[PDB]
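Chemist: One structure, as structure tokens, below. Some questions next.
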Amino acid sequence: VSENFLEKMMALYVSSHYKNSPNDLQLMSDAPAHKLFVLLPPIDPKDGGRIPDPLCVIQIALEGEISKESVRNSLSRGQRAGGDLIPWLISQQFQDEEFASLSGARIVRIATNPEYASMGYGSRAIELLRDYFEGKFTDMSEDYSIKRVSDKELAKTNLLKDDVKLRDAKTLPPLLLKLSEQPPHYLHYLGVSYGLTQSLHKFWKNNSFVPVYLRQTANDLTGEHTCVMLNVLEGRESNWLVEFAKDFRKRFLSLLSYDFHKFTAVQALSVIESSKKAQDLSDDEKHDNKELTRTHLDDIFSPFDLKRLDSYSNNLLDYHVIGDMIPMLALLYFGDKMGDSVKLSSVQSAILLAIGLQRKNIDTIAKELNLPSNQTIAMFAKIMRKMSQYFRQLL
Amino acid sequence: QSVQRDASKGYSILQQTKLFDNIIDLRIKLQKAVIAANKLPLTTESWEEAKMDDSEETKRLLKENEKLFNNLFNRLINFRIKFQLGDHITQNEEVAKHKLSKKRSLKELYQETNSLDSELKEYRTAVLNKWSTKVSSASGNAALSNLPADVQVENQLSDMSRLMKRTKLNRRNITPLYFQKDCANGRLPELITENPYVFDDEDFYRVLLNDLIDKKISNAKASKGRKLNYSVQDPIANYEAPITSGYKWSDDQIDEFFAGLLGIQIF
Amino acid sequence: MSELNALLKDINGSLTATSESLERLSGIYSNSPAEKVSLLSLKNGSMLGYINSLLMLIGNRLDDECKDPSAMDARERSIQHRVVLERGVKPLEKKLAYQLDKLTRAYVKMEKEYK
Amino acid sequence: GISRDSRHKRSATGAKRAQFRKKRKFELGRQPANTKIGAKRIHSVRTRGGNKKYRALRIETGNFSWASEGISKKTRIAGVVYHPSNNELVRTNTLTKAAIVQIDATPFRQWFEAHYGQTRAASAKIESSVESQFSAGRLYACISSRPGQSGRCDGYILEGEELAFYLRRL
Amino acid sequence: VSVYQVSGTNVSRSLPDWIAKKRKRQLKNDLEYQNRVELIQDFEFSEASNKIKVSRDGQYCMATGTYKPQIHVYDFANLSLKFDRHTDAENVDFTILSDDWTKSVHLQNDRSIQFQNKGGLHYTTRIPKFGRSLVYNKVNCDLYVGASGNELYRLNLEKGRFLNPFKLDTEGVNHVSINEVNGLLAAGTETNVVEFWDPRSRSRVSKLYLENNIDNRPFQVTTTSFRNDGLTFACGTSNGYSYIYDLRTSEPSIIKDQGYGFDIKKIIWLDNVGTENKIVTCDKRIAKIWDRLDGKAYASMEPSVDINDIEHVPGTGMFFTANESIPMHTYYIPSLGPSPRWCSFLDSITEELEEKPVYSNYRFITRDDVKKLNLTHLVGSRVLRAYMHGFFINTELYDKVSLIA
């Protein structure tokens, strides 16, 4: 029964993955941090205890709780200890020692049946995950260890007469356990690591995970950049994520032009939005954006530059003449220094982001967004008018 | 088979929940009594003067008054005993049955209330401990080892002084009958706006209303074509051509999804 | 008409219908192995007791003698019963709420299937 | 395309007649004007001769007569309740002659109170069903006009045997 | 959110359009008449419009009139009425079979299905009982007609034969809809039930009993619409309640009520515009845009004149309304999506557009209903904000008070 039930999960696991290696099997059985977890359909009582098929299987790895002393010694030595991927990477990138101490779990893999994809089973499993480690599955009906072979038994057995048999079924716990039965471990966060694809990014964004890091090197096999997304549990402090999200957003915005210019503006916009959702998670106002000051405005842009912007809004200027202001304008708007005054549509933001941060030509935008060049110019000139009004009222 | 136990407990929970809406209705109906009761006199002379205002009238209402409370509260002490018997709160089944059978007096009825409260107090300590341990274990707080609920009750019960002052607050501004006369005559030692004698549970009463309010919302002949002719209508013949690609999903997924339309230890 | 008399009529009208709810409520419970959620049964018995402290509050006031117009004995019990409800039960059931919602829906689904 | 010629019809003996000649203007036909309730859209039609026809596409008010009291008032139309020919016209609330409809009782009620000084007595007596309709506030009326010809939705209040007939049909 | 009326009568609601025609010659001197811009030439019916539909190609649109009953065809590329064709009877429903306007089927109120080819009227067939809706199955090419009676009519274009009719448990079909990804059909019965039928076979897959706790009044299923995702399903009731069901589960995921207690004339899923979790619900007076998941109202559409139909141009923030007015109104909401290709410079003039903006947010309750709910005491309070004859209340409070009554 275990063999049959065992086969069924990898049938789900291997199908999602492209080219699986047998080594992962040894990882899953022997390594302690990994826990084996399955979503099943409702069990019909008339089926007589027959095992249902696995609809979704998720692979988690408990990571974190690293001794604070070990962090400096490894960080100073530049040596990465085996395992605990997310604590090491985040600590290295943000140089934060407290995060490594935090207890968390990495969703190593999620597998859903290809025929049933897009039906929401994966979202349901994660939504039930985040409840389990949050403690919402408490026991309501008013042990699971197995005795190990004793040294006495080993000493008393001779090689020739060894009766190696399957463990008695009575000793064995059940193959599947209800959540209320098994208490969870105390965790601070759920993290993932995956190549940034629109479907997957859309999938995890709906699951309230927020971005913390994106590798600048694309994976050679896939040509894709791995994105690290994180979700904090209720009842736990949430600040450190918010600071990380802001830094990643600033890091992402600036770095759009180097190597993510290949990314679609819609894809880039989603990443920025997902990060901004993290701010909305924080009801606290201690960490908030600062509105652009008049003095800072004067430093960034000269008066003639402001006159130049105004003329374009009035249409007395050519588009090329205003090419100077674009990257600063994109940074300040997406930096949110513009404030509540200035808001834009998703297409409008994508256009501004692309010229400002993906740095693409307006015609390049036209083909990408499937809009003729004139609308992009006209829709853009609308963008410049609103900020020019915003600058005017500030003055 | 575990579905049967799960279903049965849900019924118990449901029966358990309905019981409150019935009792909360009892409290709601009693709300007019507590308001009117708070408006009553306070001192013996005021009662007599209230009696002297209309002597013969005040008598039968007082008798009609007194008779009902003995009937209400005696039935209630019977009403209380059977629960704590049935819900295992009281372990002495024989004593509870004896109390139910016998007819009790006002002073004796007070004694049962004290015992019923006291027995329920031990039940609180045992109950609140068990679930707090369970929830702590379920949430990983056991792994961590946010006060225990019983401890919170004990500590705030220790803060006993603060909570009268909340009760003594006269939010409704109730003035009991002949209050000014009692005040002038110095017949009210406690006083010598917060009134020690006026009881105000309005904030609590509203909360149960809101809670009951919130609960239910979530729960809540051949001619003219008049007969059918199947023959070929040539003008419409071959008006279009069928699309062989079919529906986007596979037939197996299709015929499946309609079926679900609208509804060694293995386990 | 005297103020006391109109007040006394209100109490009389107040009581007589608190009865019919009481017999009606006692009838249905007596009508009811099924094991009950022992946390809730406490959250029953406490707020039964709260209503009773309100009744001894009423009774102590009504006595023409009023040795205890403040009815302090009725006060403390009302405090104790309200104390347990607001801070002992209320946070605990919130942690407990979701699975209770999952159990009751399961029973409802089963009953709909049976019918 | 609409024609009233009997030639396209086959003979009494059943013989299928051959097309004598092309369709003529003088034996032309026009569509039904499907009048409905609402803010009074109408237009004219130029018919044979210099004459004209008015086509009420929509109308919400009409001149209805209380024959028993011998009066007539303009009142708003509530909605179609029954049409003997086709119930679909009732669903579509299409206004047509003989259609049973509901109308406001405010002007008739006010006139009754004015003339009779009652909400003399013997004359004030009327049928019981009509009194019930007054209490309800709406009256069953029959359209006596052809809105698709004259542009008017004139009618009369149902009473007596006809009222009972249309009530039992209801 | 910013919503713009591109075209249509801009006079007070009580003022009729034909009076404005008299005013037009008076105001020829006024500048605003010159500045006013039309989108499609002759985008008006002499009296009124019933239904509006856009070609899947997206360069053409189809509409029908009251007098004379027309079938207007407007070329978006040409911004003009492509042609005018008169019809014998008033049209009840129609669908465009072809990619272009060439091949269409129109269900007339005279119980006749009339087929138009690019040249003209091809053939007229007569169904046994009067029809309430018409839907076309692309896979099987069979026209299914809802009817007043229980039986639902089946006509097969391929064979030119009328095939056997589906038999329904109840009488009155009102609206019918087909899922393009499943093929499942929902028939909106007069009673508070919708029957689900297998297209491949001849079978009722299931029947869903709609339930409304708020109102005990009987209600009828007015409209039915499938999503392209194919798992979510929407229902419109005569009482102004819109139900979105994940068809796999019996319970309604979200219940949204329009406000005015009137029939839901149409439901449109705004998947293609972007931010797919958006749904349009249309009543005779208002067409509201709201999120399927949150239920929050995003934008509201309030023409002065009643709506008979609503149509959305795919991939754009453009909507067309078939209405009672002589000019059919035309709405552009920039936020949802870009203007159509043919509407290249609509963006340039957004300031010049009207930019029309409580009623969508709040719950309209007539004076009589206030009496029914015993809310007379709250008249004059901030809780009840009186507009017109109805006292506007919060939706949550309405569901509250209804449960007491």
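For the structure tokens, the naming scheme is as follows: chains receive sequential letters (A, B, ...) according to their order of presentation, residues are indexed from 1 within each chain, and ligands are indexed from 1 in presentation order.
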I'd like the neighbourhood of region 33-46 of chain B as a PDB file with C-alpha atoms, in the first residue's frame, where a residue qualifies if any of its atoms comes within 7 Å (using only C-alpha atoms), though same-chain residues fewer than 4 positions away should be ignored.
Modeler:
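Output file selection_16.pdb is given in full below:
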ATOM      1  CA  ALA B  50     -44.425  54.169  47.330  1.00  0.00           C
ATOM      2  CA  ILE B 174     -31.298  56.089  35.759  1.00  0.00           C
ATOM      3  CA  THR B 175     -32.750  57.848  38.805  1.00  0.00           C
ATOM      4  CA  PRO B 176     -34.433  55.387  41.216  1.00  0.00           C
ATOM      5  CA  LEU B 177     -37.745  56.422  42.724  1.00  0.00           C
ATOM      6  CA  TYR B 178     -37.380  58.713  45.755  1.00  0.00           C
ATOM      7  CA  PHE B 179     -33.621  58.878  45.151  1.00  0.00           C
ATOM      8  CA  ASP B 182     -33.113  59.147  50.263  1.00  0.00           C
ATOM      9  CA  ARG B 187     -30.347  56.945  54.073  1.00  0.00           C
ATOM     10  CA  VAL B 198     -27.673  51.811  39.862  1.00  0.00           C
ATOM     11  CA  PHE B 199     -26.496  48.834  37.798  1.00  0.00           C
TER      12      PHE B 199
ATOM     13  CA  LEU C   7     -43.115  49.776  37.243  1.00  0.00           C
ATOM     14  CA  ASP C  10     -43.665  46.101  33.755  1.00  0.00           C
ATOM     15  CA  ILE C  11     -41.810  43.581  35.926  1.00  0.00           C
ATOM     16  CA  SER C  14     -41.400  41.121  32.025  1.00  0.00           C
ATOM     17  CA  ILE C  58     -33.888  42.256  40.530  1.00  0.00           C
ATOM     18  CA  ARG C  61     -34.165  45.419  44.781  1.00  0.00           C
ATOM     19  CA  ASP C  64     -39.715  46.229  50.321  1.00  0.00           C
ATOM     20  CA  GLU C  65     -37.072  46.029  53.058  1.00  0.00           C
ATOM     21  CA  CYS C  66     -33.930  46.247  50.880  1.00  0.00           C
ATOM     22  CA  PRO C  69     -30.173  48.008  47.781  1.00  0.00           C
TER      23      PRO C  69
END
Chemist: What's around residue 232 (chain E) at 9 Å? Count only C-alpha atoms, leave out sequence neighbours fewer than 3 positions away in its own chain, and write the answer as a CSV table (one decimal) with N, CA, C and O atoms, in the first residue's frame.
Modeler:
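around-v4.csv, freshly written:
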chain,number,residue,atom,x,y,z
E,226,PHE,N,-21.7,32.5,-18.9
E,226,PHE,CA,-20.5,31.7,-18.5
E,226,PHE,C,-19.3,32.6,-18.6
E,226,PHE,O,-19.2,33.6,-19.4
E,227,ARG,N,-18.3,32.3,-17.8
E,227,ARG,CA,-17.0,32.9,-18.0
E,227,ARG,C,-16.1,32.1,-19.0
E,227,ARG,O,-16.3,30.9,-19.1
E,228,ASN,N,-15.2,32.8,-19.6
E,228,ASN,CA,-14.2,32.1,-20.5
E,228,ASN,C,-13.4,31.1,-19.7
E,228,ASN,O,-13.1,30.0,-20.3
E,229,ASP,N,-13.1,31.3,-18.5
E,229,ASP,CA,-12.4,30.3,-17.6
E,229,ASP,C,-13.3,29.1,-17.5
E,229,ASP,O,-12.7,28.0,-17.5
E,244,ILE,N,-23.0,34.9,-8.6
E,244,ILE,CA,-21.9,34.3,-9.3
E,244,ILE,C,-21.6,33.0,-8.5
E,244,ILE,O,-21.4,33.0,-7.3
E,245,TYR,N,-21.7,31.9,-9.3
E,245,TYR,CA,-21.5,30.6,-8.8
E,245,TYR,C,-20.2,30.0,-9.4
E,245,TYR,O,-20.0,30.0,-10.6
E,246,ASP,N,-19.4,29.4,-8.5
E,246,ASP,CA,-18.4,28.4,-9.0
E,246,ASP,C,-19.3,27.1,-9.3
E,246,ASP,O,-19.7,26.5,-8.3
E,247,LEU,N,-19.5,26.8,-10.6
E,247,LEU,CA,-20.5,25.9,-10.9
E,247,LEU,C,-20.3,24.5,-10.3
E,247,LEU,O,-21.2,23.7,-10.2
E,248,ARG,N,-19.0,24.2,-9.9
E,248,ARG,CA,-18.7,22.9,-9.3
E,248,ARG,C,-19.5,22.8,-7.9
E,248,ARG,O,-19.9,21.7,-7.5
Chemist: What does the structure give for the distance between CA of residue 69 (chain E) and CA of residue 90 (chain E), in Å to one decimal?
Modeler: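 Spanning CA of residue 69 (chain E) to CA of residue 90 (chain E) is a straight-line distance of 5.5 Å.
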Chemist: Find the spatial neighbours of residue 20 (chain D), counting only C-alpha atoms, within a cut-off of 12 Å - ignore same-chain residues fewer than 3 positions away - and output them as a count of residues only.
Modeler: 9
Chemist: Within 7 Å of region 336-353 of chain A, counting only C-alpha atoms, which residues qualify if same-chain residues fewer than 6 places away don't, as a PyMOL selection string?
Modeler: (chain A and resi 265-266+269+289-292+330+365+386-387+390) or (chain E and resi 335)
Chemist: Please produce a file of those selected residues containing C-alpha atoms, as a short mmCIF file (atom, residue, chain, number, x, y, z; two decimals), in the first residue's frame.
Modeler:
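Dumped to selection-v9.cif:
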data_model
loop_
_atom_site.label_atom_id
_atom_site.label_comp_id
_atom_site.auth_asym_id
_atom_site.auth_seq_id
_atom_site.Cartn_x
_atom_site.Cartn_y
_atom_site.Cartn_z
CA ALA A 265 6.82 45.78 -18.88
CA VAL A 266 3.69 44.03 -17.64
CA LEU A 269 4.93 46.10 -13.24
CA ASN A 289 7.52 57.07 1.94
CA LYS A 290 8.64 60.71 2.09
CA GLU A 291 7.02 63.26 -0.19
CA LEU A 292 9.43 65.09 -2.47
CA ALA A 330 10.24 57.20 -13.45
CA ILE A 365 6.75 49.84 -26.38
CA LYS A 386 -0.20 65.55 -14.70
CA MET A 387 3.26 65.73 -13.13
CA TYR A 390 1.94 68.34 -9.68
CA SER E 335 -8.69 52.93 -16.51
#
Chemist: Would you kindly return, as number ranges by chain, each protein, DNA or RNA residue with an atom no farther than 7 Å from any atom of residue 392 (chain E), considering only C-alpha atoms and excluding same-chain residues fewer than 6 positions away?
Modeler: E: 362-365, 384-386
Chemist: Take the residues from that selection and put them in a file with N, CA and C atoms, as an mmCIF file, in the first residue's frame.
Modeler:
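The new file selection-v8.cif reads:
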data_model
loop_
_atom_site.group_PDB
_atom_site.id
_atom_site.type_symbol
_atom_site.label_atom_id
_atom_site.label_comp_id
_atom_site.auth_asym_id
_atom_site.auth_seq_id
_atom_site.Cartn_x
_atom_site.Cartn_y
_atom_site.Cartn_z
ATOM 1 N N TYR E 362 -24.746 52.741 -2.446
ATOM 2 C CA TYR E 362 -25.787 52.624 -1.436
ATOM 3 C C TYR E 362 -26.998 51.866 -1.977
ATOM 4 N N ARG E 363 -27.971 51.649 -1.093
ATOM 5 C CA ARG E 363 -29.099 50.760 -1.338
ATOM 6 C C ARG E 363 -30.387 51.571 -1.413
ATOM 7 N N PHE E 364 -31.030 51.564 -2.580
ATOM 8 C CA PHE E 364 -32.235 52.354 -2.808
ATOM 9 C C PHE E 364 -33.448 51.597 -2.280
ATOM 10 N N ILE E 365 -34.180 52.224 -1.361
ATOM 11 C CA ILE E 365 -35.343 51.620 -0.719
ATOM 12 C C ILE E 365 -36.502 52.599 -0.819
ATOM 13 N N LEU E 384 -30.405 57.011 6.913
ATOM 14 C CA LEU E 384 -31.220 57.012 5.703
ATOM 15 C C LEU E 384 -31.021 58.348 4.993
ATOM 16 N N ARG E 385 -30.354 58.309 3.840
ATOM 17 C CA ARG E 385 -30.127 59.491 3.010
ATOM 18 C C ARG E 385 -31.135 59.449 1.868
ATOM 19 N N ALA E 386 -32.093 60.370 1.893
ATOM 20 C CA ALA E 386 -33.179 60.341 0.925
ATOM 21 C C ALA E 386 -32.745 60.962 -0.395
#
Chemist: Within 9 Å of chain A, which residues of chain B are there when counting only C-alpha atoms? Please give them as JSON, numbers by chain.
Modeler: {"B": [1, 2, 3, 134, 135, 136, 137, 138, 139, 140, 141, 143, 144, 253, 264, 265, 266, 267]}
Chemist: What's around residue 204 (chain E) at 12 Å? Count only C-alpha atoms, leave out sequence neighbours fewer than 6 positions away in its own chain, and write the answer as number ranges by chain.
Modeler: B: 258-259, 261; E: 166-169, 184-187, 194-198
